[PDB]
Amino acid sequence: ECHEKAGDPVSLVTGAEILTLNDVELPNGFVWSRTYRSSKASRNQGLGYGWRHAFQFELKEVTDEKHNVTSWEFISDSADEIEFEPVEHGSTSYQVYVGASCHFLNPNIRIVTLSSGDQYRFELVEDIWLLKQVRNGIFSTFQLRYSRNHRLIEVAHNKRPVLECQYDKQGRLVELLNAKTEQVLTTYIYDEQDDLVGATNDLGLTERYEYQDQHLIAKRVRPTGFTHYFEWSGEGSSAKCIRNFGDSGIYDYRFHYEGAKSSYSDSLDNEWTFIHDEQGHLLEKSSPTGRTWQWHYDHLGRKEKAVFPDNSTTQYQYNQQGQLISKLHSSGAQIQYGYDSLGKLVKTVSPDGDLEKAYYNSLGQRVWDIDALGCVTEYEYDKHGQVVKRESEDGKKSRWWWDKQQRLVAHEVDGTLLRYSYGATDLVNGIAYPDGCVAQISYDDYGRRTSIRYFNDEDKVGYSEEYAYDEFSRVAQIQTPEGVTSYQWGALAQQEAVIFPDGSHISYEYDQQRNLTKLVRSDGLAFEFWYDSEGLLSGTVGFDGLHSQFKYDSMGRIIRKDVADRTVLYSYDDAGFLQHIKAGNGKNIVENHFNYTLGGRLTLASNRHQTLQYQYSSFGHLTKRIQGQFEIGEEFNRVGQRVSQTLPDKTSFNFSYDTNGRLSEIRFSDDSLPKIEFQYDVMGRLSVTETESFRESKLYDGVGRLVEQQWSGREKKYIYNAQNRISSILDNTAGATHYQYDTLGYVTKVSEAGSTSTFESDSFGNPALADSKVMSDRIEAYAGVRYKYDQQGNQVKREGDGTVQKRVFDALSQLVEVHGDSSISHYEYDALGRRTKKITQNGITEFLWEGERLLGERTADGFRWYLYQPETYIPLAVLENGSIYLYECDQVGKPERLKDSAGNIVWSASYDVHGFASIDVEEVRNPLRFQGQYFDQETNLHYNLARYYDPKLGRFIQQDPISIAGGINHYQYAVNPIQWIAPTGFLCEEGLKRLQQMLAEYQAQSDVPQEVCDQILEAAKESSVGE
């Protein structure tokens, strides 16, 4: 038995049907669900026959005729029973092969700690044990109260009631109140028979249920529609449900029994086999493709060994207490857990040798937390049992404030101290930031968010955002200052269509089993998907072809891509990691080599051009980077911070942190270079950079947008339009630039001098100039330049004004050579996909990488290192020939000015709208154009991390391996290069991130849904492997 689309996973071979539905959900951790069970559907308590809410716990005490108890029965959801033996006071039961325990604190207090991590504190009143505490999480608890009659009412959230039960005089519940501005939420409906028939949700949704003859579910009708039918072949609790009819996306679900095995059909003619023993123990599970899972028990009720489809075994080892002690994998490492006398997880050992432990108080509070890297965290609770401090080592201590109503009044992380304010109900309507900004939220009468309005005093800045929902439960329209966006769902949360401004529409066509089949745009181009019998992506077709194969393994891992020209031939370590990659295109082999240890920490990535060996000392932190003939060390502190990074040039600059755990001082070891100091803002943003000869200060209007920059001799101001876009840039050194955009985010025209520039484009980023010529998505002619592509979709030939340039790549779609008129260049890449050596006519250039960003280079004239911001890719204070040169970057991070510590500027340049830089004063070269971009002059290109960007055309010259998961346009760099940085190539984002942007709700729409996006990301491992 297993999961099916027309219901819930089956819990018994006899055909026990389960149905879990959530009635109400609160956005603070509260939920009210219900569970139905076809088996044992002859008892009625609370709801109808078989229905049970999540707060029904009895803990009965079984008695016999001899006036002896000898048994305590604990009943949980889905009719699960556990038997505990009677013990004396101050002792526990230590139940076997279930992993539970029954602690007896006092004669009226019991604690039932299950294997999940709950406590279930029960209290005796006169003769029966009623549930009083749940403690389903670390901070989420549930308090229960009872009246003179034994009925559950007044459910609370750790201090305060948020729901009711409103029991009826008949003996059931019909309506659920709110205990605060009382209003109907569920209004259960009952017929003359004792069985749940109608739901009648608060928003008007009515879900009907009809039982055939014996309170067994025969049909169910959702409020939107797509009813589901049921048929049975037995009587009573021994009835086997067969032929589960579906109507939304499924149309066939057959179940066949044979007494010893069970076969399950599907709507795509796919059957799974299940073979059980004489009991409910699952022995074998067979897939229609050939994958077989096997289980072997220890003749005690618990599992002992598991066998996967591949030739591997996983064994378990318990103790005399019935808890899981160790789990060992075949030809690998093992995991070891350790519990306390109560039965909660207290210690866990990782396969890499890093232990994680904690401590639980006598009231369930967790204190003295220690992570894997090593950090003592001290928890502090108030009189009401809520964390107030959560203090770690070296700052990183939060602060929480509560009122008489025990509501979140103030929360602090690193010094923000933002305040919250609630309205007339238990919902926060106002947020006050320490910079003066105030964000108000306006809701509707159904408790949903409708409007958000930001406003700041003494500056007159702010905007608004609005949302409009659909008929039943979905979002229909979102109105932002940029524009309006509409959505159309397929009555099953599928979003059949999305509508973007300027008349843009994207349609999604699904198929059976609810799989994304086709994505159609407005111009007729379609992206097609094809799945196999296993539900995985078996093929993809882009807007211009590019067929794929996507071969998988017996465990669910991709083996080869084979996208119409070249396979990758992935080879795994046979333990859970990648080992080898061999790609080929026209007699071109790369032969990458990967080595991994038990639990990560590869420490090795071998290639034909590099070695890339790493070293770890202790606590799981890296301490040595050995790249080719270069060695970089580290001096990680006992608290986890890193200081005194040693370089092969014997520089070894030291770091010094301050309160709240932030970088505050950088002191070189040369004893001749001055130190650079940083000063952050109350909001947590870097504001001042101070040095004896360089003072930089960036200001903010009070909302989170950068407005003014000063460098003690030069000032830059930015003026935004009504659409929250950079409109005017005024530099103190005789400069005024104005931008004008279209209805979308693209730029239409720019004016910087007596001459102006104009651009035209459609709603998909393609150029719409008078001389632009594109076939489907690639540019064939632009500004008199002819581009000749290949079968893959990469710029191969470029014909400009009397100049022809050819480009040749490798089998990994990486540019390896470029031929021109008199300049032939070659490039070398390592196993991580980064450029390590450049061979040109000028000389040999070597690059050193530190993670994802570049760190220094060697141009055969000495050593020069590049420094960046603490947590930003903006370069600053480059070190060369024992001299520090300070940079001056704009709001995007493009270095335009560079000056030594003497008062005179040594490098000056100016950038255009397309990213090209015209240099006028050049004494010290600066090949950095954007954040993480390297500028090649011999080819006049930009290289972020794996792709070449063209500053003249304004977009990349090749498609990324996650093009479908990145955006609708495979060549678009960004919608506008004024507010987007897009580091490391793909995955563009905003350059400046504001804290107020976290309050806005999710857009609930993407270019590709999460499932297909994850399936695409997992299918491309050659570009996602790192450290």
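Residues numbered from 1 in each chain as written, not as in the entry; some residues may be left out. Heavy atoms only, no water.

Method of determination, as given in the entry header: cryo-EM; reported resolution: 3.16 Å.

Q: How should I be thinking about the pattern of salt bridges in this particular structure?
A: Pairing of side chains with opposite charge becomes possible as their charged atoms draw close. Evaluation of the coordinates by the stated rule reveals 39 salt bridges. The partner of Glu 665 in a salt bridge is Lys 675, and the shortest N-O contact between them spans 3.0 Å. Taken together, the positions of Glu 665 in strand β59 (residues 662-667) and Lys 675 in the loop between β59 and β60 (676-680) put the pair ten residues apart, joining distant regions of the chain. For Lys 675, a relative accessible area of 39% corresponds to the partly exposed category. Taken together, the shared-partner salt bridges connect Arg 714, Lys 716, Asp 731, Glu 888, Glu 896 and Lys 899 into one network. (Salt bridge = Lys/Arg side-chain N within 4 Å of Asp/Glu carboxyl O. Helix = DSSP H or I, 4+ residues; strand = E, 2+ residues; numbered from the N terminus. Buried < 20%, exposed > 50% of the residue type's maximum accessible area, 1.4 Å probe, protein only.)

Q: Looking at this structure, I do not really get the sheet that holds strand β88 (residues 941-943). What am I missing?
A: Note on sheets: strands pair through backbone hydrogen bonds, and any given pair is parallel or antiparallel. An order of β87-β88-β89-β90 is seen for the four strands of this open sheet, with the pairing classed as antiparallel. What marks the edges here is a single partner per strand, and that holds for β87 (934-936) and β90 (955-956). Two strands pair when backbone bridges link them, and strand β89 (residues 948-950) and β90 are joined in this way by two bridges, in the antiparallel orientation. From the neighbouring strand, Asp 950 faces β90, where its bridge partner is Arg 955. (Pairing = 2+ DSSP bridges.)

Q: Before we go on, may I ask you to explain the packing of aromatic side chains in this structure?
A: Applying the stated criterion across every chain yields a total of 30 aromatic pairs. Relative to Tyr 948, the ring of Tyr 943 lies with its centre 5.7 Å away and its plane at 45°, an arrangement referred to as tilted. Here the aromatic cluster, defined as three or more aromatic residues joined through ring pairs, consists of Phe 30, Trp 32, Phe 55 and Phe 142. One residue, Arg 714, lies across the ring of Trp 711, its end atom 4.5 Å from the ring centre. Positioned above the aromatic ring of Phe 956 is the side chain of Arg 947, whose terminal nitrogen or guanidinium carbon lies 3.7 Å from the ring centre. (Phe/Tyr/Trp six-rings, centres within 6.5 Å; stacked < 30°, edge-to-face > 60°. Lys NZ or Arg CZ within 6 Å of the ring centre and 35° of its normal.)

Q: Quick question: what am I supposed to make of the nonpolar core here?
A: As a rule of thumb, soluble globular proteins bury nonpolar side chains together. Core analysis: the biggest nonpolar cluster contains 63 residues, and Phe 74, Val 112, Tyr 120 and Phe 122 have the highest contact counts within it. Membership of the second largest hydrophobic core comes to 54 residues, among which are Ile 441, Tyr 467, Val 475 and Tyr 596. (Core = buried A, V, L, I, M, F, W, Y, C linked by side-chain atoms within 4.5 Å.)

Q: Quick question: what am I supposed to make of a nonpolar patch on the surface here?
A: On the surface, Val 96, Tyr 97, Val 98 and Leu 300 cluster together to form a nonpolar patch covering roughly 300 Å² of accessible area. Following the sequence through the fold, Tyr 97 ends up in the loop between β6 (80-84) and β7 (101-106). For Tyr 97, a relative accessible area of 41% gives the class partly exposed. (Patch = residues over 30% accessible without salt bridge, like charges linked within 9 Å, V, L, I, M, F, W, Y side chains within 5 Å. Areas by Shrake-Rupley, 256 points an atom, 1.4 Å probe, with all protein chains shown as cover.)

Q: Just checking my understanding: could you explain the side chain of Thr 691 for this structure?
A: Here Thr 691 is to be found in strand β61 (residues 686-691). Judged by its relative accessible area of 14%, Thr 691 is buried. Setting aside anything within four residues of it in sequence, one finds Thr 691 in contact with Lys 675 and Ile 676. (Contact = heavy atoms within 4.5 Å.)

Q: Even after reading the chapter, I still don't get empty space enclosed by the protein, so can you show me in this structure?
A: If you roll a probe as big as a water molecule over the atoms, it shows you where there is empty space left. In this structure the tally under the stated criterion is seven cavities of 30 Å³ or more. By volume, the largest cavity amounts to about 370 Å³. As for the largest cavity, its lining consists of 22 residues, and the residues nearest its centre are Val 747, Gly 765, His 914, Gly 954 and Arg 955. Residue composition of the lining of the largest cavity, grouped by class: 13 nonpolar, seven polar and two charged. Considered as a void within the structure, the second largest cavity measures approximately 180 Å³ in volume. Residue lining of the second largest cavity: 20 residues in total, with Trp 849, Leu 854, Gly 932, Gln 933 and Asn 944 positioned closest to the centre. Elements with a minimum of two residues in the lining of the second largest cavity: β77 (844-850), β78 (853-858) and β81 (872-875). Of the residues that constitute the lining of the second largest cavity, the class distribution is twelve nonpolar, five polar and three charged. (1 Å grid on protein atoms, 1.4 Å probe; cavity = no way out; pocket = protein on both sides within 12 Å on 5 of 7 lines; lining within 4 Å. Points joined across faces, edges and corners; volume = space filled by probe spheres on them. Nonpolar A, V, L, I, M, F, W, Y, C, P; charged D, E, K, R; others polar.)

Q: Mind showing me how you'd approach the sheet that holds strand β8 (residues 109-113) here?
A: Taken in spatial order, the four strands of this open sheet run β7-β8-β9-β10, and their pairing is antiparallel. The open sheet has two free edges, formed respectively by β7 and β10 (129-131), since each of these has just one partner strand. Averaged over all pairs of adjacent strands, the angle between strand axes in this sheet comes to 30°, irrespective of strand direction. Across three bridges, strand β9 (residues 121-124) lies against β10 in antiparallel orientation. (Axes fitted to C-alpha atoms, helices over the stretch in contact; angles between N-to-C directions.)

Q: Which parts of the structure should I look at to understand the pairing of strand β27 (residues 303-307)?
A: The side chains of a regular strand alternate between the sheet's two faces. Relative to β27, strand β26 (residues 292-297) runs antiparallel, the two being bridged by four bridges. Within the sheet, the bridge partner assigned to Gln 294 lies in β27 and is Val 307. As judged from the three bridges shared by β27 and strand β28 (residues 313-318), these two strands associate in the antiparallel manner. Residue pairing across strands places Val 307 opposite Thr 313, the latter belonging to β28. Between the antiparallel neighbours β27 and β28 lie five residues.

Q: How should I be thinking about the environment of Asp 382 in this particular structure?
A: Along the chain, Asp 382 turns up in the loop between β34 (376-377) and β35 (399-402). In this structure, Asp 382 is in contact with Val 388 and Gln 406, ignoring residues within four places of it in sequence. Within the structure, the side chain of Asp 382 is placed 3.2 Å from the backbone nitrogen of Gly 385, a separation counted as a polar contact. (Polar contact = N/O pair within 3.5 Å; in protein donor to acceptor, adjacent residues only side chain to side chain.)

Q: Teacher, can you tell me more about helix α2 (residues 1010-1019) here?
A: Structural remark: α-helix, 3.6 residues per turn; residues separated by three or four positions point the same way. Every buried residue belonging to α2 is among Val 1012, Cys 1013, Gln 1015, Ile 1016 and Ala 1019, and all of these are buried. Viewed end-on, α2 has its buried residues packed into an arc of 165°, placing them on one side of the element. Exposed residues lying more than 90 degrees from the buried face of α2 are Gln 1010 and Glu 1011. Elements that come into contact with the buried residues of α2 comprise β46 (516-520), β47 (526-531), β48 (537-541), β50 (558-560) and α1 (963-966). (Arc of directions from axis to C-beta.)

Q: Help me understand the side chain of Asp 562 in this model?
A: Within the secondary structure, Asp 562 sits in the loop between β50 and β51 (571-572). A distance of 3.0 Å separates polar atoms of two side chains, one belonging to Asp 562 and the other to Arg 560. Those residues within four positions of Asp 562 in sequence are excluded, and the remaining contacts are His 547, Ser 548, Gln 549 and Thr 567.

Q: Help me out: how do you make sense of the pairing of strand β1 (residues 18-26) in this one?
A: As defined by bridge partners, β1 adjoins strand β2 (residues 30-37) across eight bridges and the pair is classed as antiparallel. Looking at the pairing, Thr 20 lines up with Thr 35 of β2. Hairpin geometry of β1 and β2 is characterised by an intervening segment of three residues between the two adjacent antiparallel strands and by a positive phi of about 115° at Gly 29.

Q: Please explain the UniProt feature "domain: DUF6531" (unreviewed entry) in the protein chain as it appears in this structure.
A: The UniProt entry lists residues 7-65 under the feature "domain: DUF6531" (unreviewed entry), expressed in the numbering used here. Secondary structure within residues 7-65 divides into 0% helix and 39% strand; the distance between the first and last C-alpha atoms comes to 42 Å. (UniProt positions renumbered as here; feature names shortened; annotations may be inferred.)

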